[PDB]
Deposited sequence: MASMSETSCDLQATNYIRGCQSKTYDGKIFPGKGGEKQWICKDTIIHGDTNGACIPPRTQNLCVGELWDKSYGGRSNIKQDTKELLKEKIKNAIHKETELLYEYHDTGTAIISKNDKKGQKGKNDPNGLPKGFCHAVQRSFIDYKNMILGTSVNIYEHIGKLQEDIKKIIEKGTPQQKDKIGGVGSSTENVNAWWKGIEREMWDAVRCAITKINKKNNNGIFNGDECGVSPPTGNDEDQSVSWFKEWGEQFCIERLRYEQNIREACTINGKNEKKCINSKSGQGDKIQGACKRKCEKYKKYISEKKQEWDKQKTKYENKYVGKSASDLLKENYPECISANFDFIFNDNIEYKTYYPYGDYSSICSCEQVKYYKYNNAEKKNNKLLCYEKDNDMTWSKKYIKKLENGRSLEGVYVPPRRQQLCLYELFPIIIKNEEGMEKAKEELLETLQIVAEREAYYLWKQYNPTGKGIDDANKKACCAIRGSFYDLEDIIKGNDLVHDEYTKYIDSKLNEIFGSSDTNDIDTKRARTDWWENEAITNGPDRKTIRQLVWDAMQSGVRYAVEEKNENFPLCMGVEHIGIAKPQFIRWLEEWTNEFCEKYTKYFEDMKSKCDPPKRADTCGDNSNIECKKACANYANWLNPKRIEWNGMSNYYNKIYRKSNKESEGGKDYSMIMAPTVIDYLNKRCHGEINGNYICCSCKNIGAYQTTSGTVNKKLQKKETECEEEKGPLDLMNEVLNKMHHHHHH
């Protein structure tokens, strides 16, 4: 039902070149620009996409010399028609650009041209590109600190004139009203491809009925999502190339090194990351400042299915020790000739790389983020759970795609390493934290047991947090252990069985516990101290449900930190006003956490009663008196009986 210019020539609006020229052409590739420019201005932590830099402005602006708007002597309907034509031509141009398979987004990860098409007959990436382009029209018609073209700012103020001299900021409103008719330029130009196609039916609603959503309205995030889609899409291409040269590595050195095409393919990725890190580092900092509590890594992992195998924390690391140990980061384990093996405590010669997890932060807070789907709302994640030493597990899981024996073989020895390192580092955190010596390690033997159980729940697939790491680990373990033929029920029982049982008499649950004693043995050896009794136990009691374990962790901590604050405030009791400000500053997020945590307890037990005691009651038995280094791990100066009055209103 549109009479708008179909086989139209908009001046200056020719075929796209941002991702390079369409063959037989070659080059003209525009690059992401993140820094401030004389041409574009302040980006403000943002990176301008090449797709943006090639926007079809056509008759609205002229690039000849400095660049000037033609819009000066235009009317309101004249200006709308121009925007409508420009938008319509940009979709047409973006059809060709993707149908040719020139746009990085329109590329495949292995299969040349084969399988790079969505449900409809529209090329891979066409809709995303068109959607993004539409947002750029919106932001260009309104006010933006980034100038897509050299002097285009002039156009935005001239637009003001037209809209101010019309029937009724006013333009922020004019776009609001005009936007539907502007999006229909996208839909009606999509209808045109059907006429071109034979038995390939089109109607326009294939890229959506309405113009891009709420989240995307923010140029900054629309551009960041594109950066993400492209990074992931390119990253899987670097993967395939590493996999064609490494699984399909010659020990040259004095020892096991990659040297041929494998070194070449891995270095190509190592170089790729070295480049893309600045763009990430910038856009991460700016996004997360614009959206508190929101994670960059999430905005991407959600929207783009190619990002599933991606872990930005591991790819884009600031840790020097990591950068050398994992030189290819993400694909390090694949780009390594070195045999995946955990070395037992008094194994002659060769020792494990206790190649540090990040420095465990004591100042860290509890979190309701990265929590599992199924409600589970109310539960808080402990800080020492958040500082999990399961980093080594991520590259090795990426390595083994075919989840056969080798996958679960390599995972087992990597589990033992992860287990050793965590235990090593926890001792170094909790022993310098403890009061007495026979109390410092008594406090340490529990953080260890906690993590042993949490590490256990992760593998068993019983854990309550699918974070930057554990999310893909759950997905891959379900791949490795369960088939499509066997439901989740057998899959849960597959992981639980692998861990619980097993050459030697030792089980996978046992080898992980043995490995944890080894880490404490090296930690205590360093300080020339004696290995504790709480750590020397062949067996660890059956883990309590994670929620209840974590609820005890919360309570033990609160009790200590309360008797710290309240006591050091009362002692100082004006100067109290600053002590009160601190005590209350700490306590306010505790009230939020206690309500949530104690509410869950009742939902899972007490409420529809059911022969279960109260939250306080349970914790009263659990925290009365001194600590034990095994399953008796909570202590309070005053029993929880007062805590609900302390933590409410």
| message | What are the C-alpha gaps when you align the coordinates back onto the deposited sequence? | response | 1-7, 176-188, 269-275, 282-283, 404-407, 536-540, 612-625, 661-671, 713-746
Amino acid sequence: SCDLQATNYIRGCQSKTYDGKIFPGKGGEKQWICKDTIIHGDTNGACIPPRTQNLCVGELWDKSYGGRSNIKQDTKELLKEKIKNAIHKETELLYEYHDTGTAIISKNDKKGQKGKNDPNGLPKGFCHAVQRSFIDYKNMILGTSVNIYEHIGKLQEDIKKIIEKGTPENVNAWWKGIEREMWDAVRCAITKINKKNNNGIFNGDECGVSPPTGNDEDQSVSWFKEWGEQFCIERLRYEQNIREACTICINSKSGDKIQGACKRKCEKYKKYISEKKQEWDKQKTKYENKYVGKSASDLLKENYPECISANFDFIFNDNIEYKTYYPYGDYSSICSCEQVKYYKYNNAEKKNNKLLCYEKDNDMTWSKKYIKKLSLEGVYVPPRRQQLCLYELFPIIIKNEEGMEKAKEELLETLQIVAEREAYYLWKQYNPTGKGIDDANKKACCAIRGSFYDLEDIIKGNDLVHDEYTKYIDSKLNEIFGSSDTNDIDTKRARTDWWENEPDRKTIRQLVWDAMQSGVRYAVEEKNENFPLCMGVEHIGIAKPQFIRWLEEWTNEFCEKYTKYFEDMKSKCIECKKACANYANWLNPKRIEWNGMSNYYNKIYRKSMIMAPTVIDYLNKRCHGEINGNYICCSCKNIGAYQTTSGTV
From here on, numbers count along this sequence of modelled residues.
| Stretch with the greater mean C-alpha B-factor as recorded in the entry, comparing 110-118 against 79-87 | 110-118
| query | Which is higher in the entry, the mean Cα B factor of 579-587 or that of 49-57? | reply | 579-587
| field | Residue of maximum C-alpha B factor among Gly329, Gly166, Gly228, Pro545, per deposited coordinates | value | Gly166
| query | Which of these, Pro123, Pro383, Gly204, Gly450, has its C-alpha atom at the highest B-factor, as the entry lists it? | reply | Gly204
| task | Consider only the C-alpha atoms of the modelled residues in this chain, order them by B-factor as the entry records it, and name the third containing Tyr238: lowest, middle or highest. | result | lowest
| request: Sort the modelled residues of this chain by their C-alpha B factor and say whether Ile22 lands in the lowest, middle or highest third. | output: lowest
| task | Could you say whether, by C-alpha temperature factor, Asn319 belongs to the lowest, middle or highest third of its chain? | result | middle
| query | Mind checking which third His40 falls in for C-alpha B-factor across the chain? | reply | lowest
| query | Among the modelled residues of its chain, does the C-alpha B-factor of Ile258 lie in the lowest, middle or highest third? | reply | highest
